[PDB]
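Note on naming: letters A, B, ... go to the chains in the order of the sequence lines (proteins, then strands), and numbering restarts at 1 for each one.
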Amino acid sequence: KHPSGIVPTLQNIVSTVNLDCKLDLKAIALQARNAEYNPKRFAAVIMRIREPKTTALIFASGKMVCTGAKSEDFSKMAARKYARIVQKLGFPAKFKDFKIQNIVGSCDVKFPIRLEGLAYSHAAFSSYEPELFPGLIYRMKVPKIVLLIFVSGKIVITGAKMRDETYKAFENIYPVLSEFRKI
DNA sequence: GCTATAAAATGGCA
DNA sequence: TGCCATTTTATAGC
């Protein structure tokens, strides 16, 4: 499923899960080790674990966001660990509705790209304003994925909830990148 | 490090 | 009720 022969590397996974119980954030922040909590900044306890290296945003509602994992399985493993920490803290946390919300991948086609030409020829999908951001923003419709395309041939693919969307979006764009290889 | 991208969670304010 | 606030990650020119 990689005709290009290049497989985008997953770099970040964002997931959510419902602990299914109300949490006392200050009690958690006071008890937990590597946990931060400033209500005036964000209504969540920010906690981190080393393996899988991730950051969790824990809310009073019992909902939790897990960020930074390198794979879907790693994101799920990390989330289970946070649920266990919360449990050991004294809350009857469960693990309801776990869901992958965003997958970020990146790759390198190893050749420079003519961003302006690519954008001009794909006006309905591209946003290229180099003075604001060096990368061309390609908003693909099928699959509905966003790709950041740089002059270097480096590519960021984001917005997928399944890794196949990340791969499909890359495969879809590969021939286009070739058409606009900078000579 | 700040610029922009996607995505979720939730509280606060015009 | 729209948007700001946070967190993560690749990327690269300010």
Original post:
Looking just at side-chain N and O atoms, do A:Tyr138 and A:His122 make a donor-acceptor pair shorter than 3.5 Å?
Top reply: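 Result is yes, a qualifying pair exists.
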
**OP:** Assess the side chains of A:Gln11 and A:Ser106: does a donor N or O sit below 3.5 Å from an acceptor N or O?
**Re:** yes

**OP:** Specify whether A:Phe95 and A:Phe98 have parallel, tilted or perpendicular ring planes, treating 30° as the upper limit for parallel and 60° as the lower limit for perpendicular.
**Re:**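 Ring orientation of A:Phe95 relative to A:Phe98: parallel.
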
**OP:** Flag yes if A:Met140 and A:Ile103 sit in one hydrophobic cluster, no otherwise; membership is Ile, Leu, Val, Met, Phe, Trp, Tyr, and two members link when side-chain heavy atoms are under 4.5 Å apart.
**Re:**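 No; tracing contacts between hydrophobic side chains, which count when under 4.5 Å, never links both residues.
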
Original post:
Should A:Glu36 and A:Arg41 count as an ion pair when the cut-off is N to O under 4.0 Å?
Top reply: yes

Can you figure out which of [options] approaches the side chain of [X] most closely?
| X | options | answer |
| --- | --- | --- |
| A:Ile46 | C:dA10, C:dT7, C:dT11 | C:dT7 |
| A:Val104 | B:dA8, B:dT10, C:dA10 | C:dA10 |
| A:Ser106 | C:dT11, B:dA8, C:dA10 | C:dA10 |

Quick one: [X] [atom1] to [N] [atom2], roughly how many Å, whole number?
| X | N | atom1 | atom2 | value |
| --- | --- | --- | --- | --- |
| A:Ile113 | C:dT11 | CD1 | P | 15 Å |
| A:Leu57 | B:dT10 | CG | P | 11 Å |
| A:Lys99 | B:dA9 | NZ | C1' | 12 Å |
| A:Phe74 | C:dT8 | CZ | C1' | 16 Å |
| A:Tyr37 | B:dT10 | OH | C1' | 11 Å |

For DNA chain C, which residues in [range] have a heavy atom at a distance below 4.0 Å?
| range | result |
| --- | --- |
| residues 115-151 of chain A | A:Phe133, A:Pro134, A:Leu148, A:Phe150 |
| residues 4-24 of chain A | A:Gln11, A:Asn12, A:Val14 |
| residues 155-173 of chain A | A:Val156 |

Original post:
A:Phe91 pairs by side-chain contact (heavy atoms from CB on, under 4.5 Å) with which of A:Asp20, A:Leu23, A:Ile85?
Top reply: A:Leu23

**OP:** Taking the six-membered ring for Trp and the full ring for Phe, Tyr or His, determine whether the centres of A:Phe42 and A:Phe59 are under 6.0 Å apart.
**Re:**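 Distance test on ring centres: under 6.0 Å, yes.
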
Give a yes or no on whether the backbone of [Y] and the side-chain of [X] come within a donor-acceptor separation of less than 3.5 Å.
| X | Y | answer |
| --- | --- | --- |
| A:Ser126 | A:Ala123 | no |
| A:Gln101 | A:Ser15 | no |
| A:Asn12 | A:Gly68 | yes |

Original post:
A:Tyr37 versus A:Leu30: any side-chain heavy-atom pair under 4.5 Å?
Top reply: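 Not in contact.
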
Original post:
Which way does the sugar of C:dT8 pucker, north or south, judged by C1'-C2'-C3'-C4'?
Top reply: north

**OP:** Inspect the six-membered rings of C:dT9 and C:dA10 and say whether their centres lie under 5.5 Å apart and their planes under 30° apart.
**Re:** yes

**OP:** Using the six-membered ring of each base, decide whether B:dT10 stacks on its neighbour B:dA9 (centre distance under 5.5 Å, planes under 30°).
**Re:**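 Stack absent between B:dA9 and B:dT10.
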
**OP:** Indicate, with a heavy-atom threshold strictly under 4.0 Å, whether A:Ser152 touches base, sugar-phosphate, or nothing.
**Re:**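 If one applies the 4.0 Å heavy-atom cut-off, A:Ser152 turns out to touch the sugar-phosphate alone, with no base involved.
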
